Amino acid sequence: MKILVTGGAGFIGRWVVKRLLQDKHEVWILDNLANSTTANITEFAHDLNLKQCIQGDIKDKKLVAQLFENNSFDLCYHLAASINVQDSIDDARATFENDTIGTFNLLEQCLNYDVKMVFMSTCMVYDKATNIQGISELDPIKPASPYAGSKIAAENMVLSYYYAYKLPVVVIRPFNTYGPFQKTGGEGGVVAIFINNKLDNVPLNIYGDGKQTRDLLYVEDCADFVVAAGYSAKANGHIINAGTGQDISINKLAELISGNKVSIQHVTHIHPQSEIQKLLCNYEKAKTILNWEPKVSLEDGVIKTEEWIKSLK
């Protein structure tokens, strides 16, 4: 198939690309490299099925039109986005423009050329879990940051095209994802930051009281879920979560990762008003529709991730 992966040079994107190339699809990447480098895709530089890596912006309407007009895509995995909650609080407009308007630009061309869209949403668009069964696709939404609001906004434009036009789309809500190729600095995820701090012999710092929880999904499991949603016509028109169905507090995550190599401290929460106290995924729908389940435990994923991070030092 001919496939466009927006954000394909990013963390999750590069793993989506890897899987699609293993499956011998012709892949085009569209990525402005705002949050990544081509080091994430060097591995694929000699794969003839990686057709092009376009350094361009989903906000550039003319570029997006030309890209679809001059290719014949079957399928688009739309991962390109601004992803940082705090940045979206500091600067809502940029997050809105990238995550809602950029989506809309792509969606318009998907309709013009009958291109199925897998829209990468986020488990952040949820209000907190309230029990051990976790959050299903039927459970309440709560846009606690402009990032979350922009993602919900995008979801609803995407789904409107499915209803109004019968355009194949899937809205996916993976939970917090970690692993090799995730950044380790201030724009990184908590697992990457903590492992890197450990390797650097500096403390782990926990925002707030650390009791907040996350359901942490290893990136290779996430990428397989993302790809599966694109391949499945049964998924068309659906919202589908992915996660592990187990959560951990940030306090306990810090102890797991440090293993007492470094100290663990608390600091003022940067956005307690936008925090989600408990994130725990019910992924029964993904199991049913996609035959998907995660294979990598947190313990094993941390080990894999630390091996990767250490390899770059």
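In this text, residue numbers run from 1 along the sequence as written.
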Got a sec? Mean C-alpha B-factor, which is higher, 66-74 or 259-267?
66-74
Select between 14-22 and 286-294 the stretch whose C-alpha atoms have the higher average B-factor in the entry.
286-294
According to the Cα B-factor stored in this entry, which of the following is highest: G179, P146, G188, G230?
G188
Pick out which of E97, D114, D224, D215 has the highest C-alpha B-factor in the PDB entry.
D114
Taking the values exactly as deposited, rank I309 by C-alpha B-factor within its chain and report the matching third: lowest, middle or highest.
highest
Third of chain Cα B-factors occupied by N241
lowest
By the recorded C-alpha temperature factor, relative to the other modelled residues in its chain, which third is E220 in?
middle
Entry-reported C-alpha B-factor of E137 relative to its chain, by third, is middle
Quick one: classify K151 as lowest, middle or highest third of the chain based on its Cα B-factor.
lowest
